[PDB]
Ligand code: CLA
Ligand code: CLA
Ligand code: CLA
Ligand code: CLA
Ligand code: CLA
Ligand SMILES: CCCCCCCCCCCCCCCC(=O)OC[C@H](COP(=O)(O)OC[C@@H](O)CO)OC(=O)CCCCCCCCCCCCCCC
Ligand SMILES: CC1=C(C/C=C(\C)CCC[C@H](C)CCC[C@H](C)CCCC(C)C)C(=O)c2ccccc2C1=O
Ligand code: SF4
Ligand code: SF4
Ligand code: SF4
């Protein structure tokens, strides 16, 4: 139990760190002209679609999982 | 001390100057807009960083921008 | 009567009436057709 | 059967659950006189419990080791009454609601005061538009083909990248 | 020329003695009660008034309140422990909200806010994007 | 000259403004452009002084709204009486109050929820209710559901009357401001008329109706054989059979031989052994004496006849060498500011609710209340919560006064001015007191947890170790125990058995017995002192720094309620006095939670329980408070973990609603943390992406979606926090107490 | 196992949503179009424009730490 | 671009970027942002008007 919990919490910290340093890269290191029209720039170009669909998926999962738990309760 | 910059979209409405609690800003002559004046920040040593000036500014995007930086007694608003 | 009807047409009043009606029909459907764990009847 | 399960009409645990629930209800009922309203209410609860257990027995529902019905939602039609048909009903109803809401918002977008029509509903227009929800998929297809469903990117605001 | 004030615990501290102090003077045309920014009410004197404060913001809050009394001659100074004085406000004898010839623009950038350079383009230079 | 000044046909009655949401506000009247408008509309609805600058109009709105509140309260009371009349086992409970569980709510059979109709006894199924209706009705003399039906009908009539009165005094006959500024006459009427005549008439009901009916009911007479209430009025012989001094009549009252009425106006003290409640004759004497006191008090102030006191004169005279002008200016404040009056009155009403909670547990006033442990717990807890909210509201409205109605010119060198002039000293000393109390009181518990964990029980603060005896409280307890014969020589028993004396036993359950105070009680009382001091620190800082501070010298110009003054000066978030109310609310929640937990555990461990005819006492939790409540581990294990058993094991019984509400309250409490921990910048940015998706399909509201304001984010977070935490404690208490009662 | 797995997916999607929105809006948004000039971490942009608490990308990291902890839990 | 003309916004930092506003007036004095544009929706500051240069606007038909 201790080994599983230890490694899963460390994995969570590492994933959060990965995204934090991605954001730091975007602030400090990303140059729009060097990356013009590449995949990295096109992520920025459709960030609204990405974020809205991730929000839809999150809302769907939350609504239905919490609803099923509550119905059972 | 904080940094306060005026961009050339200023319409000389004098609202940031009236909003400032520590008298950082003043109106100066300028031919870039209809009102014939632009905002200026000659006294940034007294800027606390409250951003009331930005709240008062009517342009889109802002024409006055406060960038917070090195803290002093004056910028921290200390009475001690 | 026009003013009172416009008050009844406001968003909260209409939501209250509509949700009460919807809840009522869900309740009545479950009163006459209870315990539907799927469409098996 | 599927997933190493068994039909609830063949599950000993399911029938044990039915007997236990009925027994607790009847033990409660035994404390009152036969004609008391508590007794009649408890016996009606007993009948409803028996009817529910019987309805689940006659259905296609499968049961795990616990004696409770489990749902099969992998797409099989032999269990379509559990997720597929209710899902069809939900999609139809929710598409109706959403389509009529979008239609009303777009209709009042050109009124004298669009914002007022969002907080004070024009009830006649709303009821008229709500009655058109039943053909929402066909209307959606026609709106998609006629280029009225999807806007262009150049016409939608975005933030600096 | 101090206003009529019984004192408070909200006044200046050791900083006024060792770092810097502020003074506001003004002319009132009658004895009138006003709100001390440090808490409590004081009575202005007919004639010249002088008040000491710990912060410039306190002096400007008091001046904003004086404006509601139709008093516009207030002057605000900073005093250092050696006794040197700095005349602070209004700096040129004219309120900053009123445009004045002879003032030069300070800290203007001749473009809209959206034209500042990209951070990745000035790495290790020691500058910020808003200063370049 | 006290006169009635009323303007007639002040406001037209029409539905036009019902169709113009936000009509009351000049800004909100233009209609919405963003969803923020909607929230603002509800936030500013009853903020009358921001809707108009005339004090007379604010007074008129307040008066009519008060009538509306009275109509709502009458509707609520009438509904309770109607549910007692048609959905209760009150008649059956009357015959055997001990074994039948009170129930006045019934649920319909739908989706299986009928399981909530518990087997409460009396050929009746329903929800066990804990608001004390049956005990109150029995104390009043109510013996039939028809009397309850008539009380409910009258409640409906009064609700309609209040509603009409509100409409009439806003739209038809609106009093002038000079009418409202009649503090002297208002005090005279509310003391002599409202309180005095109310007490006198209630004493009349108790003497003539409630007393003989309860004497018969206690004597074992069936409710169906007790004479109807009017027979006691029309048959002086019926009363002479029960209380013989009624055969003398009113001759002793006007003759002055009041001692003759000693048979029904008593000073027994203690509790009635049959019911476990206060003697109704003591209560009647109490209300009669109180009526006299209030009628006297209502002749103090001068109105129209020369005699009487002027409040402004009295206030102006009370000043000393330490306080400058003293109380001068207070009369003007309290006759021109509704917020100042509301601050005082909320503080008083909340403190009174707390007092009510204490006094009602220790001297149970209704029959069969003391042994209805669920009702006792629920009443104590409910009144504690009401009091906490009202004291915090009084603080909030004091802050509002400081921001809006305080004028420097009218407060030169008076008490308010001098308090503002030494706010730094006040707040610094209160801060130090809070640190001292917190460190010592909570460090006792932390020390004990560490000592017990290290296997050093002899080093703990406890009765069996280093002792912290509350000797002052014990001294007071002894004094009160000795009072009945010596310092209150005409009292036959103690005011309350909690101070000492025998065990009062009703139906084999303990009604009240002495509540002994040791080291654990010392520690918990100092925790209470600590939490109250911190709550006072936050709220008093909010009032005293409402207008200005060294950080923000012009706070009053920013208003009562504003999120901040920007990230400058290091950061100024939550500097407004509204934010001080916001933080004080959390601290009040902490304080009241601890108080009600202390009550619950102490009563279960040392008071409530069973008692054999021999004399052996078995308490609900076996007397574990003394050795378990001195560590945090003991609270977590022996109180929360142990007593949560009922709420978490309630599924499949009539208590399952409590388990569900326990879970849902946990959920809402956790949901509040999203609002409390986050900020609106993130949410507005997310909403931008969602608005994009809607625009991508050719539709979007013209009422543009906005994340909640900073202040609304705080308000929502706190509201859900309080609902979640309080509702969790509510479900937990109710399941536990229904099991143990 | 089915219900708990959908709960886990909820946690993963919401944590990702917070982190991805923080990274993708690190450079700017409609509410703060010049966010890149202020750096990865900064308190806010003041109470103007409706209020701007927790607007930086660091604030997205801060919010996502709660969701990571809840998910790993 | 003239008064009453409908324009699409090209300024990226604008709340109304890619959206449509109406040109109320164009100053003819040589100011840096001469065209005043009104919009039907408010920005986050609650304003619905802004000044623009002519290369930040596109006529729409
Ligand atoms: C247990 C507490 C709790 C709950 C339920 C939520 C729920 C949510 N969070 Mg939050 N969050 C929390 C704590 C919580 N959070 C904490 C402590 C933090 C740290 C500050 C955050 C920080 C955070 C961030 C940064 C984000 C979220 C997001 C979300 C949404 C995720 C998608 C989803 O599941 O939609 C399903 C919806 C729910 C589960 C909530 C609805 C609950 C019930 C089912 C609705 C019932 C309505 C009822 C009938 C009406 C009221 C009745 C009466 C009053 C009238 C969801 C609403 C994200 C989001 O917005 O995604 C779209 C997002 O980006 N949260
Ligand atoms: C004091 C407050 C109060 C509360 C909380 C309750 C609560 C209850 N009553 Mg009681 N009751 C009360 C007072 C109260 N009552 C009074 C004063 C009377 C005398 C009239 C009664 C007489 C009474 C009877 C005879 C019965 C109840 C019953 C009930 C239960 C079911 C209620 C229900 O679902 O109806 C149905 C609910 C609705 C139809 C909801 C409609 C909501 C409307 C549409 C929204 C209103 C919003 C706004 C005002 C309108 C705006 C729009 C409008 C202008 C068009 C519930 C526990 C029932 C019961 O206990 O059964 C065993 C029952 O039979 N009550
Ligand atoms: C949200 C507010 C709220 C709610 C819902 C309740 C709910 C309840 N109260 Mg509580 N109460 C409250 C606030 C509230 N209270 C406050 C702020 C106080 C302090 C004054 C009280 C003092 C109080 C007393 C003394 C009693 C209750 C009782 C009750 C219960 C019976 C209701 C009833 O009709 O009794 C009707 C009330 C009585 C029959 C007794 C009233 C006696 C008081 C002294 C009358 C005071 C009236 C006076 C004019 C107020 C002005 C004060 C003055 C200084 C200006 C019910 C649980 C009763 C109870 O627990 O019964 C089992 C009960 O005896 N409450
Ligand atoms: C005598 C009682 C009383 C009265 C007459 C007032 C009156 C007022 N208050 Mg005050 N206040 C009070 C007690 C009172 N308060 C108490 C006890 C507190 C401590 C909580 C406060 C703390 C307070 C603050 C911090 C503020 C006020 C403000 C105001 C003013 C605006 C009211 C408004 O528009 O809200 C409209 C009413 C609502 C929006 C309803 C809110 C609903 C609440 C939040 C939740 C209800 C929960 C519900 C009971 C449970 C539902 C559960 C279910 C969903 C499951 C108004 C003058 C405001 C002001 O600016 O003053 C000038 C203000 O900022 N009050
Ligand atoms: C359990 C969590 C927790 C803890 C420990 C604290 C602690 C404190 N709060 Mg905080 N508070 C909390 C939750 C908590 N709060 C929450 C959730 C909120 C949001 C509502 C607040 C909002 C808030 C406000 C608005 C205020 C406080 C204040 C305080 C301080 C009160 C004065 C005091 O008693 O200091 C004494 C210290 C303690 C009681 C903590 C432990 C003491 C130990 C056990 C004994 C001494 C040990 C000693 C230092 C040796 C240490 C050894 C070490 C070197 C190894 C105290 C530090 C107030 C304050 O600062 O007043 C002066 C204040 O005004 N808090
Ligand atoms: C036990 C209850 C709580 C006790 C708290 C602290 C115990 C310490 C003893 C203090 C009691 C006596 C105070 C001075 C004696 C007193 O009662 O007043 C005596 C004196 C009254 O002066 P005058 O004779 O001028 O008064 C004329 C009056 O008409 C007022 O206008 O007050 C003062 O000298 C200033 C009062 C502030 C003095 C601050 C002392 C520290 C106060 C502690 C905080 C109090 C908490 C209570 C808040 C509700
Ligand atoms: C979650 C959250 C939000 C986002 C929450 C919002 C915008 C509330 C949304 C409320 C809804 C839209 C109103 C109620 C409607 C129902 C939820 C759905 C019904 C939909 C229609 C019928 C209207 C904030 O805006 C915020 C602001 C400041 C601090 C913390 C937070 C915060 O935590
Ligand atoms: S941030 Fe505040 S102090 Fe600085 S210039 Fe702007 S208004 Fe003045
Ligand atoms: S910076 Fe903004 S507020 Fe100041 S003068 Fe220019 S346009 Fe007006
Ligand atoms: S905007 Fe938010 S974070 Fe910034 S100072 Fe105001 S309250 Fe604090």
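The residues of chain B that appear here are 2-81 by Swiss-Prot count, in order.
Per deposition record, electron microscopy, 2.3 Å.
Note that Cβ sites are derived from N, Cα and C of the backbone, with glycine treated the same way.
Between the candidates B:21, B:34, Swiss-Prot assigns the [4Fe-4S] cluster 2 site shared with B:48, B:51, B:54 to B:21. Closest by Cα distance to residue B:21 ([4Fe-4S] cluster 2 binding site), from the binding-site residues B:11, B:14, B:58, is B:58. Secondary structure by DSSP for the domain '4Fe-4S ferredoxin-type 2' (B:37-68): 8 helix, 8 strand, 16 coil.
In the three-state DSSP scheme, residue B:17 ([4Fe-4S] cluster 1 binding site) is classed as helix. For residue B:11 ([4Fe-4S] cluster 1 binding site), the count of additional Cβ atoms within 10 Å of its Cβ stands at 27 [all protein chains shown]. Candidate binding-site residues: B:48, B:51, B:54. Nearest to residue B:17 ([4Fe-4S] cluster 1 binding site) by Cα distance: B:54. Taking Cβ-Cβ distances under 8 Å and a sequence gap of 6 or more within the same chain, the neighbours of residue B:54 ([4Fe-4S] cluster 2 binding site) are B:5, B:17, B:18, B:20, B:21, B:25, B:26, B:65, B:67. A separation of roughly 19 Å, to the nearest angstrom, links the Cα atoms of residue B:11 ([4Fe-4S] cluster 1 binding site) and residue B:48 ([4Fe-4S] cluster 2 binding site). Applying an under-8 Å Cβ distance to chain F, the binding-site residues B:11, B:14, B:17, B:21, B:54, B:58 reduce to an empty list.
Recorded residues residue B:51 ([4Fe-4S] cluster 2 binding site) and residue B:58 ([4Fe-4S] cluster 1 binding site) have their alpha carbons 14 Å apart, per Cα-Cα distance.
Using the Cβ center of B:11, B:14, B:17, B:58 for [4Fe-4S] cluster 1, the list of other same-chain residues with Cβ within 8 Å runs, in sequence order, B:12, B:13, B:15, B:16, B:18, B:40, B:54, B:57, B:59, B:60, B:64, B:65. Note on the binding-site residues B:14, B:17, B:48, B:51, B:58: the fewest other CB atoms within 10 A surround the CB of B:14. Cα of residue B:14 ([4Fe-4S] cluster 1 binding site) to Cα of residue B:48 ([4Fe-4S] cluster 2 binding site): a span of 20 Å. A 10 Å cutoff on Cβ-Cβ distances gives residue B:21 ([4Fe-4S] cluster 2 binding site) a total of 26 other Cβ atoms nearby, all chains included.
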